[PDB]
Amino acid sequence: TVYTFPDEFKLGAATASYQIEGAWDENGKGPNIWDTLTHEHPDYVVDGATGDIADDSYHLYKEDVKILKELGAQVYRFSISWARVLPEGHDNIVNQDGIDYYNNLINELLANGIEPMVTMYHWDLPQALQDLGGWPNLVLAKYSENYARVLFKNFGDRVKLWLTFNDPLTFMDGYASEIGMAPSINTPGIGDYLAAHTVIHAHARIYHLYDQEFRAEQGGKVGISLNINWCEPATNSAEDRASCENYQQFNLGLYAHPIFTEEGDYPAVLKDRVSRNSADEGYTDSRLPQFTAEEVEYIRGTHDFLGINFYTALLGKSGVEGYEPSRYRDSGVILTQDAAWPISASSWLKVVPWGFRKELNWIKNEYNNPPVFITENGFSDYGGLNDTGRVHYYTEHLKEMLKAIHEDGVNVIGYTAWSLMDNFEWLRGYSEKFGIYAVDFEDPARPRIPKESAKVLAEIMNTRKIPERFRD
């Protein structure tokens, strides 16, 4: 039983628009911040790669559905490109080609018995909105509501699972370095917090919009996807345990405390540590923005489920490091990884499957056991179809999740493997492979070929159990 999926549990796979679509300027699509980064700053990206073509899923979406059907996916999580739909960012112009494209994908999925799950924002902000300052500018919350309205209006009759944002903890970091994630702005400890504040407001506006204008007719669910790693105490001391709690609150709690708790607002430790550090450095005002009481009440409770992106673990010890100012320095934890942990093709990604069970329990206890949908979990290598490391990664993480469900009572309701195909991997270009299907980026037809992990995942999805050969 601990190896069997609950009957209603949803299994599938996931992708993101800029990572797969290509067709970056085709049929009316406007430019986004990743078009800008890869065109203007190829020195930031491995091999100077771009997402101009990527997997060419704009043209090859029927092939993507074919492989999802082969895999036996029940749900396909994909994201919508904001600038493909609203090329100017604002809602004055709706690109019919964009509407037709996503309807064509949704309809193809449904005709093949696969449920669509749509992420509204996976990092590809229209450049016209970045030119106003992007996420640090609170005006983007209303622009995000207007974008969501166009999505609910056009697609909500058929789409019943929505995520507003994918991993703002990472995308806010685009405002904390001059050479990093788009838009590559160096405002650490200041602009990244402003970006977080806008995203939280935007998410809350989108959820209220669904309640007011769409839920009664459409009957779907709206969540948000938050990335978090497990943080294990470097030693068993109370002080190192405190540092791990700081990590959880500064990385997951930053977004989840305002939305998923009864109290709302940012975590106290976040408010308090940033206030103290700002005062010690001579600022008149805290670097952390504030919510009014009315805003706290508006934002809290804006969820039907919690999306979790989980990849790895860290060790945390008591102390402070990082540059002043920065979110890492403010967080009051020294983070490392254990050299014993198995490695991947990504410097930051170590294989620590027991950390997934620990994290699921931390979430259960902090947020009163919300329904959790694992929206990303996966592994990198440099290439190859006989992807034993990826197979092991998936089987171990699924086993740990199933223990969380069955033994620990955690309400996990679905899981989409990251990712369906090898991707444009952001600053890593085409150098790192996260797919369960390989794609030949040198072949204009971009054929998709199953790896061993795709065959194992199909076996899991078909049998609804972890096969005996992978059990302890």
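The first residue of the sequence shown is number 1, and the count goes up from there.
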| property | result |
| --- | --- |
| Greater mean Cα temperature factor according to the PDB record, 317 to 325 or 267 to 275 | 317 to 325 |
| Residue stretch of maximal mean CA temperature factor, 158 to 166 vs 111 to 119 | 111 to 119 |
| Largest Cα B-factor, entry values, listed residues 31, 414, 28, 429 | 28 |
| Per the PDB entry, maximal CA B factor within 75, 363, 86, 194 | 75 |
| Residue 257 CA temperature factor, ranked by third within the chain | lowest |
| Chain third (lowest, middle, highest) by recorded CA B-factor, residue given as residue 330 | lowest |
| Entry-reported Cα temperature factor of residue 423, expressed as the chain third it lands in | highest |
| For residue 246, the third of its chain into which the C-alpha B factor falls | middle |
| Third of the chain, ranked by Cα B-factor, where residue 142 sits | lowest |
